[PDB]
Amino acid sequence: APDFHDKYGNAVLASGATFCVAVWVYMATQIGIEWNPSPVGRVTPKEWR
Amino acid sequence: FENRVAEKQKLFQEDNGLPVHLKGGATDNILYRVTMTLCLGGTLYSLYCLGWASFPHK
Amino acid sequence: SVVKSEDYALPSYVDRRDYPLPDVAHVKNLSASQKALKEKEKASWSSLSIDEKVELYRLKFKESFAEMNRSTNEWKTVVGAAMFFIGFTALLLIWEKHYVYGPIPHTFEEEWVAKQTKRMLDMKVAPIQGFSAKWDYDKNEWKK
Amino acid sequence: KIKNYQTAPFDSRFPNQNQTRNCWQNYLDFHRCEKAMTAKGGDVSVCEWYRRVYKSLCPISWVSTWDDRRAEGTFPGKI
Amino acid sequence: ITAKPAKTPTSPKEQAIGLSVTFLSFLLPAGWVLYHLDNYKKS
Amino acid sequence: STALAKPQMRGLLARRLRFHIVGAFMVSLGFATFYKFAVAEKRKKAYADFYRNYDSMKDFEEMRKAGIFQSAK
Amino acid sequence: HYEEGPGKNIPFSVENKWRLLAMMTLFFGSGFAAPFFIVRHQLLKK
Amino acid sequence: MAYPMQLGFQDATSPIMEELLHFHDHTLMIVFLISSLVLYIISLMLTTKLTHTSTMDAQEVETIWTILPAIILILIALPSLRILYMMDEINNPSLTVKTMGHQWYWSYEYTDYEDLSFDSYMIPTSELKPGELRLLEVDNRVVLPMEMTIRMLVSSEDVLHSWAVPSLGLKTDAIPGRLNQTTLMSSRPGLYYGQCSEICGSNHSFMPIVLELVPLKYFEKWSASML
Amino acid sequence: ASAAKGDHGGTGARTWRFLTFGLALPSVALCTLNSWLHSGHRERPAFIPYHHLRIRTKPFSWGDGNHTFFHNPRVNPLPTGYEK
Amino acid sequence: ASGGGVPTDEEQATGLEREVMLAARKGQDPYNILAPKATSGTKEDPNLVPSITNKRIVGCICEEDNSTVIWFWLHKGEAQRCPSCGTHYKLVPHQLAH
Amino acid sequence: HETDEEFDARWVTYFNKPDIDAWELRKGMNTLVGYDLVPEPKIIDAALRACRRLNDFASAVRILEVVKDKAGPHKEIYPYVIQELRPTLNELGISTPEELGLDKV
Amino acid sequence: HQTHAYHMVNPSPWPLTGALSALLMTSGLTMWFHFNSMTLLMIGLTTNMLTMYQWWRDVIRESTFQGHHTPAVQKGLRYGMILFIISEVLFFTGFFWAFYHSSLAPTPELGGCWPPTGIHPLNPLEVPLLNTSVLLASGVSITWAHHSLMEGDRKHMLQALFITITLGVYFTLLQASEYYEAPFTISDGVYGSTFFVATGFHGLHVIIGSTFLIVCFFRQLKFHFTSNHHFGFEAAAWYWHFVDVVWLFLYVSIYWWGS
Amino acid sequence: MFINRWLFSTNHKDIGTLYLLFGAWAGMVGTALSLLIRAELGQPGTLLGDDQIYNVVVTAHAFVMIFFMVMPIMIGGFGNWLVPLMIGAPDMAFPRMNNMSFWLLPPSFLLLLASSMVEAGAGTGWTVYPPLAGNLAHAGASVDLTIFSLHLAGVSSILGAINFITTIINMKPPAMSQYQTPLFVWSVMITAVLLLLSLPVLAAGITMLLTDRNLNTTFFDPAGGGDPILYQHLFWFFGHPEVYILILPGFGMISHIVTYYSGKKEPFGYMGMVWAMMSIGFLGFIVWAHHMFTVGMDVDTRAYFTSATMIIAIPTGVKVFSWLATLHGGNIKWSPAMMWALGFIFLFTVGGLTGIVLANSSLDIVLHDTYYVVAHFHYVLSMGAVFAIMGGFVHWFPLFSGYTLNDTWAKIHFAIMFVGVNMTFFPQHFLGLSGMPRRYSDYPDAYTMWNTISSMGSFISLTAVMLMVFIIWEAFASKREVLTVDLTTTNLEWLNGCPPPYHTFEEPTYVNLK
Ligand code: HEA
Ligand code: HEA
Ligand SMILES: CCCCC/C=C/C/C=C/C/C=C/C/C=C\CCCC(=O)O[C@H](COC(=O)CCCCCCCCCCCCCCCCC)COP(=O)(O)OCCN
Ligand SMILES: CCCCCC/C=C\CCCCCCCCCC(=O)O[C@H](COC(=O)CCCCCCCCCCCCCCC)COP(=O)(O)OC[C@@H](O)CO
Ligand SMILES: CCCCCCCCCCO[C@@H]1O[C@H](CO)[C@@H](O[C@H]2O[C@H](CO)[C@@H](O)[C@H](O)[C@@H]2O)[C@@H](O)[C@H]1O
Ligand code: CUA
Ligand SMILES: [Cu+2]
Ligand SMILES: [Mg+2]
Ligand code: NA
Ligand SMILES: [Zn+2]
């Protein structure tokens, strides 16, 4: 006789994965967090003196 | 002095269900109550003192 | 069959690969037909039916090796639920960013960074491998 | 005269990381020498090497406190 | 290990309540403090 | 109606251990070789090549003209 | 003598799971809250 | 200085720091190898249904697992100790400079010939010039001659601090009443940064060190202009 | 060592009493003599306000904050010198 | 030089101390101070395990110098065997206090 | 230790004791499966015959299961052993776990 | 009913009053050092004394009066006391380490010498030699006491124990008087620091040990000890030899070699 | 009744339980402090205030995690519950003194909280070095409260150590030699020996700090001829043994957990494990100055401390390898306790190895007082000791309580914690190698990335801690009563049932000498 995992496992996996990816991608890119990545290959040096 | 240990053995082995710290009789109870009162009272007072010391008096 | 708390000091039943013959039978009390079955078991086993053999097995043991060793879908619940709570953690981080953290220092503005990056290059920060080594001073660009 | 000093050289007596005693010893030597020279009728210039070494090594605040203490009569070393 | 079935089973719903109440008891007081940090830092 | 051959029945766990510990050893040598090429030699050759024709006065002069120094304009 | 057995060898009651939830919440939650309130206390002095 | 997302050591600026990089590569390789072997064996122990639960004899395999780690430690200690004694070698410096820790800034004394000393404080974030580094710049740099052996003497006039410059492989505690010595030798001109490395109270995070390495002739004129 | 005496046939109460009164107490009596002889107040040294001495980083929690716990006026100067 | 006046254990020991002392005199060990000596442990010569109740935990050190001890309840009735080495133990219930 | 043949003979003899009791039957099997091997057909043969003399059909079946289990992923072993045991299985009327449906989860 | 030989102790309030008294003494010291008040401290010291008194009283009730101290229990108490003494050795060790560290590398503030400039050490051949003869002699009288107790000799036990305690009290009075006569103080740099703290904790131990001997003296007067069972006495004796040996190390290191 | 039982206890199980409750509450405090740390560092800039408030938080974090959470849980909690059960003893040797070891802890903790409430708190580092901890740079009562807090925790542990040593030496069945006692019991005895020897030296050093601060002594003050470095030697003479004290009982539980879930009757190489714990215990007293490679010590001293520190890898490597050899051939049960233990083995090894990096004084010049040190000790403490505690807790909770946890929830808890602690601490190796110092409320902009990730990880651990509380509630809420436990023949602590009666072994076990 089918237990909790047989009945809900696939749903808990699918929707847990989807939720976690979505909310981490949102947090990482949409709220103004400064990650401070390398300037290398991204920043054009500008005159400072 | 005479050896009165046998009398004390009888007293402390009396089957009256008393814990050893109260088994000497009514004075144990008094001394216990003084001790615990001083300890509990003193502890409340140390908490009052921390409360006082926790704030500036400019 | 029915196990009680106050039997902890008695030999008990277990299903374990590495202890195939437990200390007691799974079932100790026998009905009338079960008693007759234990008698029939004293004669040739060839005269036992398949059903009777299965029933002797199930008197002696609770689960077969195949039943006891079966795999489950638990992993899905475990992984999915862990991802859920890790997900929920990002909400706490979002709340924190919105309500707790103020602006970061002005030295992270894009123009400050571009200027700082030139100055790091002018000062040859990490010129052997780490930083300036990656800048082409001849072509005035990041090494491709 | 025998000088041309850059800085205090390695001294085999104080070969380790803690140089406190090197400063101190050269400070005492300079002031001992200064007192010997000023007394017996001679020249402080022979004390010079010790002066250079201690000046190079010793933090200004130490030399300055030691000098105040000699003037006060509270310097604990023997000069 | 073997065990008996729960004497007072805790259903999915009841678990969602204990879990919510548990997380809230940690999150709300600290949240309140952190949220009012600026009010503290200059007052 | 063919019988099956007697297979190996003893020391199966031990045999598996031996095989894979010997495997682990081979992988470790392969990684040591790799690492002493992509990390350790790479580092020595980066430093060696950097200093081979390095001219410290020319380096200073470039830094000076870029305006970085308090003591040198 | 003393009560023995599951739920009886402990200084708190597990008779009612909701009352227990409340107690565990006050107990663990007071521990976790204390540093935040201490920080607040320090902030609000000077 | 460190740059964004740096993984390893700042590039070496002195021969000694270069020596530490090669010795760290050697040790790191050993760390990866051992920890990856452990993880691998764990996974090997856990991925079979074959069993052997009876008493296992130990006094044979214990040899291997005591002698092999012993050999490995000696292979670490040998280059470790060679570098340690190198760092201790007599060198004859051309110049002695003192630094004194304070709450919360450094002072420097160059008293070989003249009486030169000055304080060196963090540039506040609101006063950074464009392209300057938050928390790292000071008002007065420690100007020193490049390519020369310098003796640094370190102390404090209040609490403990510690004087560090990662690129040169330096860190020497600053202890009041004590005069600690280290030597410094930069292979290159430039600016080399460090930060106080002993907890010293309210502004521990905000008392950085900046060395400016230049040719002897510029260092001499700077010293004179600084009296 | 082996001391210079003997017994050892059996160390008992009698022997340890013998040692108490025959050796230990006479030694105490001799040292007591020696002490209550070499005593007499030696003349107190000139006061010099050395900075490594008479330390005050915080007032003592008794008296006026400036006297040590077993302050002796005769022999213990204050940071400003001997008392009146 | 000498006299008396100090009570002896014989005169003054009491409670459980006195019980252990009197039992030791009769060569007895009601309070389990000593290690029992093994019999051969066969079906015919089982180790005899005293008890004041109807079961007692046995620990069996199957071979001399084993660091692993095998623990089981020994119940009143037929001899039981150590699950590791098969040596036999038999419970001999009751008494101690008369 | 000892040779393979001596080890097997020792176990054959253990299970062949005419008056082997229930306790010894279990002790033997539970000890045997601690070793890093799947027991030879001759050893299993003697353990099955001991089950017969003890009137214990269900333990005979369980013994065949433990042989399978001890082979782990070496799927060739258990059918070889069953093949070798077939005259004994037919003589004693022992049905395999497969014939009983006890291999199904 | 138990059939092992160990003591199950009656549930007791003394651990709790003990712990609270430690809170009241530490709070009290803080209050005294920083808030000019002695009240918490006095209350802590009072509850501390009450706790020790009742707890040890109860130990005597359990052993002399109720008979729970079988040999296995006594043997436990032996290990307990030995371990306790070891922990006390390591505590003193830290003070000796502090002493040797400062005095072997005297810093420039001291004059770069030991004893520091301006320190005039006590003569070790005077009262400190007397103190040494007193503790050593007390190690002898206490051994006479032990042997008398084992031989069943009540009167000589009491005589030797009394002599031992008088010697402890003598040492204490001499040391009080030295403290008062000393021309240097605890504030006289590291010299006064190591001297007073080390010999001060030592003096504290002499007082504890003397008190423990006095307790034995009264228990003996009341006939508690038998000629074979007297662990309280052995423990006080061990502790006494410990206090003697620490003194010898203080004498050799601080009074003699550090002069 | 309630007061007699829980305030006046003389029972080793009840006292264990009080320790576990105390330890779990301390854990919540320590967790909160660590989230304050990581909130301050989670983005560049100043969140709380300057370094004072910040380091008051860092200092309290360390004191709470070490003295209030780890030691009470391992030694007071597991030691008290399991050691008497594992040797068949009716209780500890000194059942009443055992209770005072417990009750000293709440006052000790109250003193620590007091110091953080008065003045500006003790922002000294858990090492409490003068002169910053002296009466000029830290005037007022905070440091004195911290010192007195440590005095009380020290007395608690010295009396505890005397109790464990006596119980273990003196209260075994007469037939059981020391080489027949379980590894957990060995680990606790070795821990108690280190406590006995090391805590009094700390007590001496902090008492000297106390007198410098209040009685005008100058042990640590150059002006009176003292030396701040003498405090470091006294502190570390204790502090290195202290870290072996923190891990040893964990090693002890890992040995039982691994043996148990491998279906084994015994750990591989028992005498090798006893030897390794003893060697580690002994070596841990002769390496303390590796905490001092930058203070200015002679080169030969540094060479000695480097070499003697490294030798510790050998006995520790014997244990790690013996754990693997215990798994080998096992009928592996993948229980939550076993996952904790398997994570312990790997992550402890990692942290041990980065300790071996730090042992090299040449490299330690550059790593000392950076986050490379923080990464090392959090692998061994926040993964090592903490995993051993979680493993032990889930394995033995059904013994202590008579109820089972939900294993699926416990596995979920493990998985979140594992991700969280690795996310938190692994990037701190990069921050250390690249030079980020310790005890900074803020860092140059370059370090922003790894600090951001590290703070995020700490939030994931927070989630695991909250889930833990819910899980314990759910076990008590549901009341699934334990029935059968396997392998009692080699796990004596289980043989009296779950929970065992108040009084166990009133009649002792029977063990033949033969
Ligand atoms: C549980 C606590 C714990 C433990 C067990 C350890 C274990 C070790 N620690 Fe650590 N450490 C701390 C907690 C701990 N540490 C703390 C808290 C600090 C900071 C104090 C502070 O300043 O606040 C610290 C600091 C510290 C320093 C000072 C660094 C600095 O401040 O600059 C050093 C230096 O040598 C060090 C080294 C070691 C070593 C060599 C071990 C060894 O015991 C590790 C041995 C283990 C292994 C090596 C892995 C297993 C072995 C193998 C698989 C075999 C093969 C291995 C080899 C062949 C190398 N540690
Ligand atoms: C046991 C020791 C321990 C533990 C577990 C931890 C856990 C954590 N610590 Fe650490 N920390 C130290 C001891 C520890 N710490 C020490 C000694 C220092 C040095 C102090 C100094 O510099 O002076 C320090 C320093 C320190 C710093 C450096 C501060 C600085 O230099 O400025 C940081 C920053 O990230 C940090 C973060 C964390 C985090 C995020 C956790 C998290 O991983 C915590 C997540 C929570 C848990 C792992 C714990 C829960 C366990 C329980 C709650 C009990 C459960 C109950 C039962 C089973 C009954 N800590
Ligand atoms: C007579 C010989 C016997 C000695 C005992 C004397 C009685 C006083 C009470 C204290 C006993 C405590 C022992 C050690 C404590 C430190 C210093 C005490 C040694 C001493 O008595 O030193 C005196 C200083 O007194 C001072 O400050 C003392 C001021 C008293 C303050 C006590 C400070 C309490 C400190 C508590 C620390 C306790 C922590 C210990 C932890 C143990 C492990 C947990 C010397 O006097 P002086 O005038 O400077 O010089 C003499 C000049 N004519
Ligand atoms: C102004 C004075 C106050 C100063 C504060 C300290 C005060 C004094 C402490 C002095 C200690 C008194 C100890 C008295 C103990 C009496 C109880 C006792 O001695 O109990 C004995 C057991 O020993 C036992 O518990 C052994 C008990 C050992 C106790 C060890 C005492 C040391 C205490 C040190 C605490 C200070 C900390 C140090 C500071 C750094 C009882 O067994 P027996 O003697 O065999 O008797 C039984 C026979 O009769 C049977 O025939
Ligand atoms: C490091 C561990 C902590 C992790 C982060 C905490 C996770 C978030 C928990 C939320 O806690 C609450 O959040 C609020 C907002 O979301 C608050 O409302 C405040 O703000 C409001 C909304 O603007 C007002 O309605 C109210 O007056 C109120 O004061 C506040 O009280 C608080 O309890
Ligand atoms: Cu100065 Cu940190
Ligand atoms: Cu260490
Ligand atoms: Mg440091
Ligand atoms: Na910050
Ligand atoms: Zn056996």
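Just so you know, ligand 1 is whichever comes first in the structure, and atom 1 is the first atom listed for that ligand. In what follows, chains are A, B, ... by sequence order, proteins preceding strands, each numbered from 1.
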Does a sphere of radius 6.0 Å around OH in M:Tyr304 hold more than 12 heavy atoms from other residues, nucleotides or ligands, not counting ones at 6.0 Å or beyond?
-> yes
Which protein N or O atoms sit under 3.5 Å from any N or O of ligand 1? Give each pair with its distance.
{"unit_1": "ligand 1", "atom_1": "9 (N)", "unit_2": "M:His376", "atom_2": "NE2", "d": "3.1"}
{"unit_1": "ligand 1", "atom_1": "11 (N)", "unit_2": "M:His376", "atom_2": "NE2", "d": "2.9"}
{"unit_1": "ligand 1", "atom_1": "15 (N)", "unit_2": "M:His376", "atom_2": "NE2", "d": "3.2"}
{"unit_1": "ligand 1", "atom_1": "22 (O)", "unit_2": "M:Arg438", "atom_2": "NH1", "d": "2.9"}
{"unit_1": "ligand 1", "atom_1": "23 (O)", "unit_2": "M:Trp126", "atom_2": "NE1", "d": "2.8"}
{"unit_1": "ligand 1", "atom_1": "23 (O)", "unit_2": "M:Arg438", "atom_2": "NH2", "d": "2.9"}
{"unit_1": "ligand 1", "atom_1": "31 (O)", "unit_2": "M:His368", "atom_2": "ND1", "d": "3.2"}
{"unit_1": "ligand 1", "atom_1": "32 (O)", "unit_2": "M:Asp364", "atom_2": "OD1", "d": "2.5"}
{"unit_1": "ligand 1", "atom_1": "32 (O)", "unit_2": "M:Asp364", "atom_2": "OD2", "d": "3.2"}
{"unit_1": "ligand 1", "atom_1": "32 (O)", "unit_2": "M:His368", "atom_2": "ND1", "d": "2.9"}
{"unit_1": "ligand 1", "atom_1": "35 (O)", "unit_2": "M:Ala359", "atom_2": "N", "d": "3.3"}
{"unit_1": "ligand 1", "atom_1": "43 (O)", "unit_2": "M:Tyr244", "atom_2": "OH", "d": "2.5"}
{"unit_1": "ligand 1", "atom_1": "60 (N)", "unit_2": "M:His376", "atom_2": "NE2", "d": "2.9"}

Ligand 4 and L:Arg219, any nitrogen or oxygen pair closer than 3.5 angstrom?
-> yes
How close do B:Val5 and B:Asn3 get, heavy atom to heavy atom, and via which atoms?
-> N-OD1, 2.9 Å
Can L:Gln74 be said to touch ligand 4, with heavy atoms closer than 4.0 Å?
-> no
Please verify whether a non-hydrogen atom of L:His224 lies at under 4.0 Å from ligand 4.
-> yes
Are the side chain of L:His202 and the backbone of L:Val243 linked by a donor-acceptor contact shorter than 3.5 Å?
-> yes
So what's near the Cu ion (ligand 7), protein N, O or S atoms under 2.8 Å?
-> M:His240 ND1, M:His290 NE2, M:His291 NE2
Check M:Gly272 against H:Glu62 and note the closest heavy-atom contact, atom names and distance.
-> CA-OE1, 4.0 Å
Nearest neighbour in protein (non-hydrogen) for atom 5 (C) of ligand 4 = L:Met52 CE, 3.9 Å
Nearest protein heavy-atom contact for atom 20 (O) of ligand 4: which residue, which atom, what distance?
-> L:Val59 CG1, 3.3 Å
When you measure from atom 23 (O) of ligand 4 to every protein heavy atom, which one gives the shortest distance, and what is it?
-> L:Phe231 CD2, 3.5 Å
Among protein heavy atoms, which lies nearest atom 40 (C) of ligand 4, and at what distance?
-> L:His205 CE1, 3.7 Å
